[PDB]
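Here is the structure we will look at.
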Amino acid sequence: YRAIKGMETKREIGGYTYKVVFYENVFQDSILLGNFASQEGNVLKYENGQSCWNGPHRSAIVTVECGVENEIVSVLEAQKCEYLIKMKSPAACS
Ligand SMILES: OC[C@H]1O[C@H](O)[C@@H](O)[C@@H](O)[C@@H]1O
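In this text, residue positions in the sequence shown follow the deposited numbering: the first is 357, and each later residue adds one.
Here's what the structure looks like:
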């Protein structure tokens, strides 16, 4: 997984610097969103992030689809401290 473990993509969204590191962790500024737990298809689950006022400990579901360059396409926090992150990356290509 070593051709992609540790690969980092960053994007500023809404003032936050989001940082996804494949098979390691996800951060929002200095806050841990989750550590890599499992993968099903293109979907990487990151779990057990930092505690959240009036919410769950943070987690992030990162969907990585084939593209020519690493990119964080969107971050959605529909439920408090549950992050849905869509990405493109050559890691997800044939
Ligand atoms: O107060 C909870 C709030 O804290 C920070 O803003 C960020 O981690 C947000 O994503 C989260 O919703």
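The C-beta atom is built at its ideal place from N, Cα and C for all residues, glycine as well.
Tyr379 and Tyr402 closer than 7 angstroms at C-beta: Translated into positions along the sequence shown, residue 379 becomes position 23. Translated into positions along the sequence shown, residue 402 becomes position 46. No, the Cβ-Cβ distance between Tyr379 and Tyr402 is not below 7 angstroms.
For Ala393, which residues of its own chain have a beta-carbon under 6 angstroms away from its beta-carbon, when the five flanking residues on both sides are left out? Taking the sequence shown and counting its residues from 1, one reaches residue 393 at position 37. Correct list, in chain order: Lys401, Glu403.
Count the other CB atoms, across all protein chains shown, that sit within 10 Å of the CB of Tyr372; report buried if there are 16 or more and exposed otherwise. Numbered from 1 along the sequence shown, position 16 holds the residue referred to as residue 372. Classification of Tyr372: exposed, given that the 10 Å Cβ count is below 16.
Between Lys436 and ligand 1, is the CB less than 6 angstroms from at least one heavy atom? Here residue 436 refers to the residue found at position 80 of the sequence shown. Yes, the Cβ of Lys436 comes within 6 angstroms of a heavy atom of ligand 1.
What are the boundary residues of the beta strand (DSSP E) that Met443 is part of? Taking the sequence shown and counting its residues from 1, one reaches residue 443 at position 87. It spans 438 to 445 - the beta strand (DSSP E) in which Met443 sits, taken as one unbroken run.
Three-state secondary structure assigned by DSSP to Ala416: Position 60 of the sequence shown, counted from the start, is the residue given in the question as residue 416. Strand at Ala416.
Beta-bridge pairing of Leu389 - partner residues as DSSP gives them: Along the sequence shown, one-based indexing puts residue 389 at 33. Answer by DSSP bridge pairing: none, since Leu389 is not bridged.
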